[PDB]
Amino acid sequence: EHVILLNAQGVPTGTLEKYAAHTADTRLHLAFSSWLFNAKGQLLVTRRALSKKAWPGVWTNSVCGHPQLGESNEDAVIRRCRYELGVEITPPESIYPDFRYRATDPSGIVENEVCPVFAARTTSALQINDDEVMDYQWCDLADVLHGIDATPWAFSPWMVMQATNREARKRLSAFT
């Protein structure tokens, strides 16, 4: 797997091996973030495995990843949903298309991404990949937002930034 490096205008300029790509000096690359809900409308919150190179052991939104060259954002979501959580989903819908951020994790590992955000509903049960996910919780979105508003540091920085975007949050309130 690779990440796709981006320039100022946001044009792909090349690739890097994914693990190799996330360092103390991570360069701008393409990513996605996804928020998964079940048929009943609960939000799936996950806890990244301890072996993750960036933000290991951190609570965060359902699934995030790195689109590969020539891959649509929607397919990346579907691929990573299957891969990390072994779950099938409805066609991902856009909730925050211009999200972009840079952040540093407690060990100094940086994420620097153009990171469009999507939402979808699961259509099958989870089958956890414990290389990616060490724990998860099916929750009411309202409580998760309250938790995010009260103690944002208990969650991944990008999850917090997405959920506090006025529009994203409105859009998330529709899967409930």
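For every residue, the number given is its place in the sequence shown, counted from 1. Only the largest set of C-alpha atoms that superpose within 1.5 Å between the two forms is called the rigid core.
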_Out of 159 to 167 and 7 to 15, which one drifts farther from the shown form in 5 other deposited structures of this protein in terms of CA positions, with the fit done on the rigid core?_
7 to 15
*Which has the higher mean CA temperature factor in the PDB entry, 151 to 159 or 6 to 14?*
6 to 14
_Of 42 to 50 and 64 to 72, the stretch whose C-alpha atoms average the higher B-factor in the entry_ = 64 to 72
*For residue 82, does the deposited CA B-factor place it in the lowest, middle or highest third of the chain?*
lowest
*Can you tell me which third, lowest, middle or highest, the CA B-factor of residue 27 falls into for its chain?*
highest
*C-alpha B factor of residue 110, ranked within the chain: lowest, middle or highest third?*
middle
*Is the Cα B-factor recorded for residue 139 in the lowest, middle or highest third of its chain?*
middle
